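Some notes on the structure that comes next.
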Amino acid sequence: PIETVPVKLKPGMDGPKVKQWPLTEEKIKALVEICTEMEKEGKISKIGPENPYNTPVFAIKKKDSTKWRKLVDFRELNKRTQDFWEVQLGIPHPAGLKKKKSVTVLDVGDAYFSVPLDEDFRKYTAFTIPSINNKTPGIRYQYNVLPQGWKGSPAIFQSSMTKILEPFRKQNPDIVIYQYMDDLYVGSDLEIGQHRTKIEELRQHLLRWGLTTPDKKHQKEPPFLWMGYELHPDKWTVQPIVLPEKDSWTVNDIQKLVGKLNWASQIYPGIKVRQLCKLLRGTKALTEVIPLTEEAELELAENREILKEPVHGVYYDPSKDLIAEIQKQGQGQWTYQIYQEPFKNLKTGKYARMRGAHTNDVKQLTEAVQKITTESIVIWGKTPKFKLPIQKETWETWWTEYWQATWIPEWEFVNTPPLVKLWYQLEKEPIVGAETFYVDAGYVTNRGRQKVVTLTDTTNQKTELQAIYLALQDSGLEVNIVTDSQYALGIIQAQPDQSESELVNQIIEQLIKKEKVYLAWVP
Amino acid sequence: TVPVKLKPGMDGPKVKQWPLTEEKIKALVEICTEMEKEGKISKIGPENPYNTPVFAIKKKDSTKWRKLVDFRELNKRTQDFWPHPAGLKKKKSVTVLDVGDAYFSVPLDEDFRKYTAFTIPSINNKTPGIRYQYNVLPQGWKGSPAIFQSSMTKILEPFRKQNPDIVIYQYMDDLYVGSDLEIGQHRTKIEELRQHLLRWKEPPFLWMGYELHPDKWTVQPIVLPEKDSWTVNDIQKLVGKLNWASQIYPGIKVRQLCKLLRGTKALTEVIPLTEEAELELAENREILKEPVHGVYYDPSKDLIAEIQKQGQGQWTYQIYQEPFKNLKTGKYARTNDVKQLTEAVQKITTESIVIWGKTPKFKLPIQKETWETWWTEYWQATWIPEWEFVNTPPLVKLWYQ
Ligand SMILES: Cc1ccnc2c1NC(=O)c1cccnc1N2C1CC1
Ligand SMILES: [Mg+2]
């Protein structure tokens with residue numbers, strides 16, 4: 001029998017003392033039947049009237065017959081129980097698995113029911129069964145095993161399972177086993193017959209510890225539906241997504257669809273939600289009906305089509321390299337695909353995240369690369385060799401001019417438009433014969449010129465970019481600009497190609513136009 | 001074993017483990033597997049909710065991997081224990097030895113062991129991940145050097161009296177051996193230590209097995225452009241910079257330079273410097289030749305280290321406690337951005353350790369995800385300074401060079 005894990009109540013706290021609520025004689029009966037049985041199987045044990053602790057229990061009728069199910073409420077005991085090493089918080093991504101010939105899933109019944117509970121802790125699991133007799137005292141028990149609903153059960157159960165699988169795993173290095181709550185996925189490259197046989201060996205091993213699982217006739221067969229995916233032994237996808245067909249969409253519908261569409265983009269390349277997303281602007285209620293714009297309709301129809309023919313994801317082949325490829329799919333929009341075999345995707349995806357109010361494609365692309373790198377380490381434990389639509393020289397250039405440090409692993413240029421580049425660059429030195437504008441809501445040029453404007457509904461730092469803006473307009477191809485604003489400077493110095501505020505974008509336009517622009521700062 | 005405790009009221013660390021590469025994981029598995037065989041660590045169960053992050057780093061001039069446990073959180077939560085050689089910095093040359101292994105021969109208070117829990121993750125969450133806790137004193141823990149100080153004095157007793165010409169300082173897992181002797185006669189007195197330390201798995205040399213030469217560690221004054229002709233622009237940059245350094249050296253004047261710049265002139269227009277002005281500049285130059293007076297090290301204040309990228313593989317830093325009140329300033333030069341930044345941080349930490357005996361708090365110019373992703377690839381120190389990530393402005397950087 002498996003080792004006992006030492007449990008304790010949180011510091012200073014004492015066990016639960018919650019009175020058992022009134023129970024119908026019909027429930028009193030069914031419980032005593034369920035409990036008396038549990039006492040025979042050793043799962044619980046009658047205790048002396050010395051135990052001041054108690055946890056209420058009541059009965060539920062599992063929609064079947066009249067037979068009742070026992071439910072013990074451990075909220076209080078849970079509040080008073082120590083924290084355990086958090087159960088499996090992370091999960092595997094299908095794209096990180098290696099294909100198998102056969103994969104078998106097994107359900108484990110009476111999981112907690114077959115695992116010891118630390119002796120010094122059982123006295124806190126004390127509960128009571130009100131006797132039907134009026135003058136008579138009800139019967140009080142305590143648990144001898146992991147109780148359903150208790151805080152540490154999930155963790156202590158997994159820990160045990162892992163120790164129970166240890167041997168079987170060493171004797172069978174060729175078999176892969178994934179534990180997920182009460183299921184066990186077991187895969188191998190064994191011939192059909194051999195596989196089924198091993199599965200039977202495992203079943204016996206688990207049964208030796210009183211762990212019951214389903215036989216061949218009752219086991220679920222691939223593909224398996226897990227965490228939103230549809231899994232086969234050789235390929236994976238996301239479970240079937242159906243785009244509603246209608247003409248009256250509410251904010252609720254749009255949000256659910258965009259959510260659904262998002263999940264799909266990890267395998268279906270080309271999914272777009274830009275237009276659909278715009279429908280949510282200024283919405284007043286979840287039930288407010290929003291008409292689909294001609295472009296939203298276009299978008300929905302295209303997704304509908306991409307989703308019509310299922311695409312599958314191939315599994316990881318650790319013998320081959322991971323290739324990551326990125327494409328700019330619109331302003332602030334990127335898409336990527338990770339594969340090993342030319343064009344046979346393990347997974348795809350898109351990046352639309354914008355870090356900071358202003359930015360350029362070079363930054364965004366670099367961030368996409370970081371995000372993909374992080375992700376790959378999690379799924380495959382190594383970084384992919386990148387295929388990027390940016391030339392070495394372009395990158396290397398922005399690299400040195402940016403104050404912040406960064407790094408991009410192995411990567412080769414890929415001449416696949418649109419290529420990312422810098423739309424403009426500030427001179428490193430003032431221009432000769434290029435007029436000089438001194439801005440401060442107006443400006444004064446060295447050649448005598450000037451202009452002052454008044455601005456309503458404007459922020460202090462917004463009037464600063466206005467001036468700079470004005471100057472770019474009235475100036476010629478080459479222009480030197482002097483300002484006191486460190487803010488504007490920073491913004492422009494970062495050479496953004498896209499922004500949130502129109503102002504900046506209008507400035508960027510001017511900037512892209514000029515032959516030579518130099519910006520300076522003065523206090 | 002000594003009864004160690006966490007600072008009152010405080011509970012153990014529960015730090016998230018940053019995803020690792022299959023390479024650093026394989027390494028940590030091989031390593032921890034062996035530490036288990038030698039009873040240094042033990043597998044633990046779910047009843048232990050604590051966690052400290054671990055990494056695998058490469059050893060310089062060795063093919064082996066080092067296990068780096070980030071006990072930073074645990075160390076802030078460990079109780080305080082109750083001297084720094086003002087002369088170690090004066091010494092001409094200092095060698096750094098990794099004496100971390102000395103600890104592996106000392107049990108850890110049974111009731112503290114739980115606080116040293118760490119996890120060896122698995123790729124893509126295939127499996128729950130291997131959990132351990134320490135049985136002996138863990139390398140990197142604030143308590144280890146302390147709880148071993150005695151046994152360490154008792155051991156550095158003979159070499160101390162044998163060679164009272166070479167000052168020996170210990171910091172966490174590192175030992176700083178300082179002298180003035182000749183490089184050969186020095187490196188020789190070092191090896192004589194390595195044999196006297198082995199006398200009680202040899203303590204390798206950190207930092208290339210090389211010396212540091214603490215004497216040369218210079219403060220880098222603020223510099224002003226020395227030019228032939230001065231354009232309106234040059235002067236404007238001159239004043240802005242002067243104005244800034246005026247905050248520190250109040251004797252700086254620009255009044256006379258601001259005169260060359262009256263009206264609205266062309267940025268490129270060359271301006272001869274009036275007599276009055278030329279003299280005021282020469283004077284400002286004189287003032288910046290040395291660090292501002294009255295800036296002392298407060299042992300009760302945290303040391304801050306700020307780094308700026310100059311480009312072309314060149315960085316600049318400043319160690320202070322109060323704004324502008326710099327205790328030190330330096331530069332570093334060549335790899336890639338991250339590799340350099342990491343090599344910098346460690347350099348500044350070693351110095352900060354040597355000069356004051358405590359690691360500084362860095363303010364790094366990089367995205368956390370980028371840093372978290374690559375730093376372990378070039379890190380070689382046994383310690384890990386505290387750090388945060390920032391966005392340096394164009395001007396500050398523009399005022400160093
Ligand atoms: C849900 C899950 C999580 C982790 N691994 C797997 C699975 N399920 C599978 O069906 C699967 C499919 C293909 C390869 N490995 C798989 N398995 C491994 C166990 C054989
Ligand atoms: Mg001005």
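By order in the structure tokens, chains are A, B, ...; within a chain, residues start at 1; ligands start at 1, following the order shown.
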
Let me see if you get this right: every residue at most 12 Å from ligand 2, counting only C-alpha atoms and all ligand atoms, written as an MDAnalysis selection string. (chainID A and resid 436:445 464 467:468 481:486 519:523) or (chainID B and resid 236 261:264)

Could the residues of chain B within 8 Å of chain A, counting only C-alpha atoms, be given as a VMD selection string, please? chain B and resid 19 to 23 45 to 50 123 to 128 233 236 to 237 240 264 to 268 308 to 312 336 to 338 341 365 to 367 369 to 370 373 391 to 395

Residues at most 7 Å from ligand 1, using only C-alpha atoms and all ligand atoms? Could they come as a VMD selection string? (chain A and resid 92 97 to 100 103 176 to 178 185 to 188 224 226 231 to 235) or (chain B and resid 126)

If you keep N, CA, C and O atoms, can you produce a file of those selected residues as a PDB file, in the first residue's frame?
ATOM      1  N   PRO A  92      -0.315  20.038 -21.717  1.00  0.00           N
ATOM      2  CA  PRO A  92       0.443  19.858 -22.954  1.00  0.00           C
ATOM      3  C   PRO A  92      -0.273  20.472 -24.161  1.00  0.00           C
ATOM      4  O   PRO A  92      -1.501  20.561 -24.195  1.00  0.00           O
ATOM      5  N   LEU A  97       3.354  16.797 -28.861  1.00  0.00           N
ATOM      6  CA  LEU A  97       3.367  15.350 -28.730  1.00  0.00           C
ATOM      7  C   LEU A  97       4.039  14.686 -29.926  1.00  0.00           C
ATOM      8  O   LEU A  97       4.153  15.283 -31.002  1.00  0.00           O
ATOM      9  N   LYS A  98       4.491  13.450 -29.731  1.00  0.00           N
ATOM     10  CA  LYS A  98       5.112  12.671 -30.802  1.00  0.00           C
ATOM     11  C   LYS A  98       4.035  11.660 -31.204  1.00  0.00           C
ATOM     12  O   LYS A  98       3.406  11.038 -30.333  1.00  0.00           O
ATOM     13  N   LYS A  99       3.797  11.499 -32.502  1.00  0.00           N
ATOM     14  CA  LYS A  99       2.758  10.572 -32.937  1.00  0.00           C
ATOM     15  C   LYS A  99       3.018   9.163 -32.458  1.00  0.00           C
ATOM     16  O   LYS A  99       4.166   8.739 -32.334  1.00  0.00           O
ATOM     17  N   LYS A 100       1.934   8.447 -32.181  1.00  0.00           N
ATOM     18  CA  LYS A 100       2.004   7.069 -31.728  1.00  0.00           C
ATOM     19  C   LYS A 100       1.142   6.266 -32.680  1.00  0.00           C
ATOM     20  O   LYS A 100       0.360   6.839 -33.449  1.00  0.00           O
ATOM     21  N   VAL A 103      -3.138   4.946 -29.071  1.00  0.00           N
ATOM     22  CA  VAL A 103      -3.297   5.740 -27.854  1.00  0.00           C
ATOM     23  C   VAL A 103      -4.581   5.273 -27.196  1.00  0.00           C
ATOM     24  O   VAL A 103      -5.622   5.185 -27.836  1.00  0.00           O
ATOM     25  N   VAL A 176       4.284   5.640 -23.459  1.00  0.00           N
ATOM     26  CA  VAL A 176       4.168   6.978 -22.920  1.00  0.00           C
ATOM     27  C   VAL A 176       2.853   7.107 -22.176  1.00  0.00           C
ATOM     28  O   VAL A 176       1.809   6.706 -22.689  1.00  0.00           O
ATOM     29  N   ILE A 177       2.907   7.655 -20.962  1.00  0.00           N
ATOM     30  CA  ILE A 177       1.709   7.840 -20.152  1.00  0.00           C
ATOM     31  C   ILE A 177       1.504   9.274 -19.652  1.00  0.00           C
ATOM     32  O   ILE A 177       2.410   9.861 -19.036  1.00  0.00           O
ATOM     33  N   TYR A 178       0.312   9.830 -19.907  1.00  0.00           N
ATOM     34  CA  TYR A 178      -0.034  11.178 -19.444  1.00  0.00           C
ATOM     35  C   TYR A 178      -1.187  11.078 -18.449  1.00  0.00           C
ATOM     36  O   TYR A 178      -2.231  10.500 -18.780  1.00  0.00           O
ATOM     37  N   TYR A 185      -3.813   8.614 -20.370  1.00  0.00           N
ATOM     38  CA  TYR A 185      -3.687   8.390 -21.795  1.00  0.00           C
ATOM     39  C   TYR A 185      -2.428   7.575 -21.912  1.00  0.00           C
ATOM     40  O   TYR A 185      -1.407   7.923 -21.323  1.00  0.00           O
ATOM     41  N   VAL A 186      -2.522   6.468 -22.639  1.00  0.00           N
ATOM     42  CA  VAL A 186      -1.400   5.561 -22.809  1.00  0.00           C
ATOM     43  C   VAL A 186      -1.148   5.291 -24.287  1.00  0.00           C
ATOM     44  O   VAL A 186      -2.012   4.774 -25.001  1.00  0.00           O
ATOM     45  N   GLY A 187       0.044   5.654 -24.745  1.00  0.00           N
ATOM     46  CA  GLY A 187       0.377   5.448 -26.139  1.00  0.00           C
ATOM     47  C   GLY A 187       1.661   4.679 -26.371  1.00  0.00           C
ATOM     48  O   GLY A 187       2.573   4.661 -25.530  1.00  0.00           O
ATOM     49  N   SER A 188       1.721   4.027 -27.528  1.00  0.00           N
ATOM     50  CA  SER A 188       2.896   3.261 -27.918  1.00  0.00           C
ATOM     51  C   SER A 188       2.913   3.087 -29.421  1.00  0.00           C
ATOM     52  O   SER A 188       1.958   3.418 -30.126  1.00  0.00           O
ATOM     53  N   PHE A 224      -9.821  11.610 -29.488  1.00  0.00           N
ATOM     54  CA  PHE A 224     -10.269  11.957 -28.149  1.00  0.00           C
ATOM     55  C   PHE A 224     -10.509  13.463 -28.055  1.00  0.00           C
ATOM     56  O   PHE A 224      -9.748  14.261 -28.606  1.00  0.00           O
ATOM     57  N   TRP A 226     -10.253  16.538 -25.892  1.00  0.00           N
ATOM     58  CA  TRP A 226      -9.584  17.004 -24.688  1.00  0.00           C
ATOM     59  C   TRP A 226      -9.274  18.496 -24.761  1.00  0.00           C
ATOM     60  O   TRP A 226      -8.725  18.975 -25.763  1.00  0.00           O
ATOM     61  N   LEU A 231      -8.137  14.872 -30.592  1.00  0.00           N
ATOM     62  CA  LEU A 231      -6.883  14.133 -30.727  1.00  0.00           C
ATOM     63  C   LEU A 231      -6.867  12.724 -31.274  1.00  0.00           C
ATOM     64  O   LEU A 231      -7.585  11.845 -30.808  1.00  0.00           O
ATOM     65  N   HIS A 232      -5.988  12.524 -32.244  1.00  0.00           N
ATOM     66  CA  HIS A 232      -5.784  11.233 -32.876  1.00  0.00           C
ATOM     67  C   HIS A 232      -4.390  10.788 -32.453  1.00  0.00           C
ATOM     68  O   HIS A 232      -3.672  11.535 -31.796  1.00  0.00           O
ATOM     69  N   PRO A 233      -3.993   9.560 -32.809  1.00  0.00           N
ATOM     70  CA  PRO A 233      -2.657   9.090 -32.438  1.00  0.00           C
ATOM     71  C   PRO A 233      -1.605   9.685 -33.371  1.00  0.00           C
ATOM     72  O   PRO A 233      -0.435   9.776 -33.022  1.00  0.00           O
ATOM     73  N   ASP A 234      -2.034  10.089 -34.562  1.00  0.00           N
ATOM     74  CA  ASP A 234      -1.122  10.631 -35.569  1.00  0.00           C
ATOM     75  C   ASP A 234      -1.340  12.093 -35.938  1.00  0.00           C
ATOM     76  O   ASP A 234      -0.470  12.705 -36.562  1.00  0.00           O
ATOM     77  N   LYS A 235      -2.493  12.651 -35.576  1.00  0.00           N
ATOM     78  CA  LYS A 235      -2.778  14.045 -35.895  1.00  0.00           C
ATOM     79  C   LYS A 235      -3.758  14.671 -34.918  1.00  0.00           C
ATOM     80  O   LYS A 235      -4.512  13.975 -34.240  1.00  0.00           O
TER      81      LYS A 235
ATOM     82  N   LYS B 126       4.418  17.418 -19.928  1.00  0.00           N
ATOM     83  CA  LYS B 126       4.210  15.986 -20.173  1.00  0.00           C
ATOM     84  C   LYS B 126       3.944  15.266 -18.843  1.00  0.00           C
ATOM     85  O   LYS B 126       3.029  14.448 -18.707  1.00  0.00           O
TER      86      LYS B 126
END

Calculated over only C-alpha atoms, which of the candidates A:298, A:507, A:238, A:243 has the smallest distance to residue 313 (chain A)?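 So, comparing all the options, the nearest one is A:238.
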
Run DSSP on the backbone and grab whatever in region 35-252 of chain B lands in strand (DSSP E); send it over as a VMD selection string. chain B and resid 41 to 43 54 to 58 65 to 69 93 to 98 118 to 120 130 to 134 167 to 171 174 to 179

Limited to N, CA and C atoms, could you put the picked residues into a file as a tab-separated table (two decimals), in the first residue's frame?
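So the final result, stored in selection_26.tsv, reads:
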chain	number	residue	atom	x	y	z
B	41	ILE	N	20.07	16.07	-1.52
B	41	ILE	CA	18.69	16.51	-1.70
B	41	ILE	C	17.83	15.27	-1.62
B	42	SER	N	16.52	15.47	-1.48
B	42	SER	CA	15.54	14.37	-1.42
B	42	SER	C	14.23	14.71	-2.14
B	43	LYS	N	13.64	13.72	-2.81
B	43	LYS	CA	12.37	13.95	-3.50
B	43	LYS	C	11.39	14.36	-2.41
B	54	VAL	N	15.08	27.12	-10.39
B	54	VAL	CA	16.42	26.61	-10.61
B	54	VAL	C	16.80	26.73	-12.07
B	55	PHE	N	18.10	26.84	-12.32
B	55	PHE	CA	18.61	26.94	-13.69
B	55	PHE	C	19.90	26.16	-13.82
B	56	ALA	N	20.32	25.94	-15.05
B	56	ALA	CA	21.57	25.26	-15.32
B	56	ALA	C	22.39	26.26	-16.09
B	57	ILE	N	23.61	26.51	-15.64
B	57	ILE	CA	24.48	27.44	-16.33
B	57	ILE	C	25.78	26.71	-16.63
B	58	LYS	N	26.50	27.20	-17.63
B	58	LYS	CA	27.75	26.57	-18.04
B	58	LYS	C	28.92	27.06	-17.20
B	65	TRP	N	28.12	21.35	-16.32
B	65	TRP	CA	27.03	22.28	-16.04
B	65	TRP	C	26.92	22.53	-14.55
B	66	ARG	N	26.58	23.77	-14.22
B	66	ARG	CA	26.42	24.15	-12.83
B	66	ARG	C	24.94	24.36	-12.57
B	67	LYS	N	24.49	23.93	-11.39
B	67	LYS	CA	23.11	24.09	-11.01
B	67	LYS	C	23.01	25.41	-10.27
B	68	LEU	N	22.23	26.32	-10.83
B	68	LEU	CA	22.04	27.62	-10.21
B	68	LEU	C	20.63	27.71	-9.66
B	69	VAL	N	20.53	27.78	-8.34
B	69	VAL	CA	19.24	27.91	-7.67
B	69	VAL	C	19.06	29.36	-7.26
B	93	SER	N	45.77	42.93	-7.15
B	93	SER	CA	45.12	41.85	-7.89
B	93	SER	C	44.34	40.91	-6.98
B	94	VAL	N	43.18	40.46	-7.46
B	94	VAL	CA	42.31	39.55	-6.71
B	94	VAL	C	41.76	38.43	-7.58
B	95	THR	N	41.82	37.20	-7.09
B	95	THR	CA	41.32	36.05	-7.82
B	95	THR	C	40.06	35.56	-7.12
B	96	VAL	N	39.08	35.09	-7.90
B	96	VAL	CA	37.82	34.59	-7.32
B	96	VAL	C	37.68	33.07	-7.42
B	97	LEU	N	37.44	32.43	-6.28
B	97	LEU	CA	37.29	30.99	-6.22
B	97	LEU	C	35.87	30.57	-5.87
B	98	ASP	N	35.39	29.51	-6.53
B	98	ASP	CA	34.06	29.00	-6.26
B	98	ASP	C	34.20	27.93	-5.17
B	118	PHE	N	12.41	22.95	-4.68
B	118	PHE	CA	12.57	23.40	-6.06
B	118	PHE	C	12.03	22.34	-6.99
B	119	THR	N	11.77	22.74	-8.23
B	119	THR	CA	11.19	21.84	-9.21
B	119	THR	C	11.95	21.77	-10.51
B	120	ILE	N	12.08	20.56	-11.04
B	120	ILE	CA	12.72	20.38	-12.31
B	120	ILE	C	11.52	20.13	-13.21
B	130	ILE	N	9.78	17.02	-11.44
B	130	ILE	CA	10.47	16.49	-10.27
B	130	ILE	C	10.73	17.50	-9.17
B	131	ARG	N	10.29	17.15	-7.97
B	131	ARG	CA	10.44	18.03	-6.83
B	131	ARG	C	11.44	17.52	-5.80
B	132	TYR	N	12.25	18.44	-5.27
B	132	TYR	CA	13.27	18.15	-4.26
B	132	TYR	C	13.34	19.25	-3.22
B	133	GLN	N	14.06	18.96	-2.14
B	133	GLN	CA	14.33	19.94	-1.09
B	133	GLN	C	15.73	19.57	-0.64
B	134	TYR	N	16.40	20.51	0.02
B	134	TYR	CA	17.76	20.29	0.47
B	134	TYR	C	17.89	19.62	1.84
B	167	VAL	N	44.91	39.28	1.58
B	167	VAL	CA	43.61	39.37	2.23
B	167	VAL	C	42.53	38.49	1.59
B	168	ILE	N	41.90	37.65	2.41
B	168	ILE	CA	40.86	36.73	1.94
B	168	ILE	C	39.44	37.09	2.42
B	169	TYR	N	38.55	37.32	1.46
B	169	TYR	CA	37.16	37.68	1.73
B	169	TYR	C	36.18	36.68	1.10
B	170	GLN	N	35.20	36.26	1.90
B	170	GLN	CA	34.20	35.33	1.41
B	170	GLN	C	32.86	36.02	1.26
B	171	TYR	N	32.17	35.70	0.17
B	171	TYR	CA	30.85	36.25	-0.10
B	171	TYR	C	29.98	35.15	-0.71
B	174	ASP	N	31.40	32.53	-3.07
B	174	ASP	CA	32.67	33.03	-3.58
B	174	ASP	C	33.69	33.46	-2.53
B	175	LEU	N	34.96	33.27	-2.87
B	175	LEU	CA	36.06	33.64	-1.99
B	175	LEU	C	36.94	34.60	-2.77
B	176	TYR	N	37.18	35.78	-2.23
B	176	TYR	CA	38.01	36.78	-2.90
B	176	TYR	C	39.42	36.86	-2.31
B	177	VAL	N	40.38	36.36	-3.08
B	177	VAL	CA	41.79	36.33	-2.69
B	177	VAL	C	42.57	37.52	-3.24
B	178	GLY	N	42.90	38.47	-2.37
B	178	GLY	CA	43.63	39.64	-2.81
B	178	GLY	C	45.09	39.72	-2.37
B	179	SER	N	45.93	40.27	-3.24
B	179	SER	CA	47.36	40.42	-2.97
B	179	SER	C	47.95	41.55	-3.81

Fewer than 5 positions away in the same chain doesn't count, so skip those; otherwise give me all residues within 10 Å of residue 3 (chain B), counting only C-alpha atoms, as number ranges by chain. B: 108-112, 147

File dump, residues just selected, N, CA and C atoms, as a PDB file, in the first residue's frame:
ATOM      1  N   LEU B 108      21.234  20.548   7.215  1.00  0.00           N
ATOM      2  CA  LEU B 108      20.378  21.720   7.316  1.00  0.00           C
ATOM      3  C   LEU B 108      19.285  21.418   8.330  1.00  0.00           C
ATOM      4  N   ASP B 109      19.030  22.358   9.240  1.00  0.00           N
ATOM      5  CA  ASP B 109      17.986  22.182  10.244  1.00  0.00           C
ATOM      6  C   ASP B 109      16.791  21.515   9.568  1.00  0.00           C
ATOM      7  N   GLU B 110      16.438  20.327  10.045  1.00  0.00           N
ATOM      8  CA  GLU B 110      15.345  19.557   9.473  1.00  0.00           C
ATOM      9  C   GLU B 110      14.084  20.368   9.197  1.00  0.00           C
ATOM     10  N   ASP B 111      13.715  21.267  10.101  1.00  0.00           N
ATOM     11  CA  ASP B 111      12.493  22.037   9.883  1.00  0.00           C
ATOM     12  C   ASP B 111      12.586  23.202   8.926  1.00  0.00           C
ATOM     13  N   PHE B 112      13.770  23.433   8.374  1.00  0.00           N
ATOM     14  CA  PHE B 112      13.937  24.514   7.424  1.00  0.00           C
ATOM     15  C   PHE B 112      13.947  23.922   6.021  1.00  0.00           C
ATOM     16  N   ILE B 147      26.114  30.040   8.541  1.00  0.00           N
ATOM     17  CA  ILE B 147      26.136  28.795   9.290  1.00  0.00           C
ATOM     18  C   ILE B 147      27.424  27.995   9.063  1.00  0.00           C
TER      19      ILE B 147
END
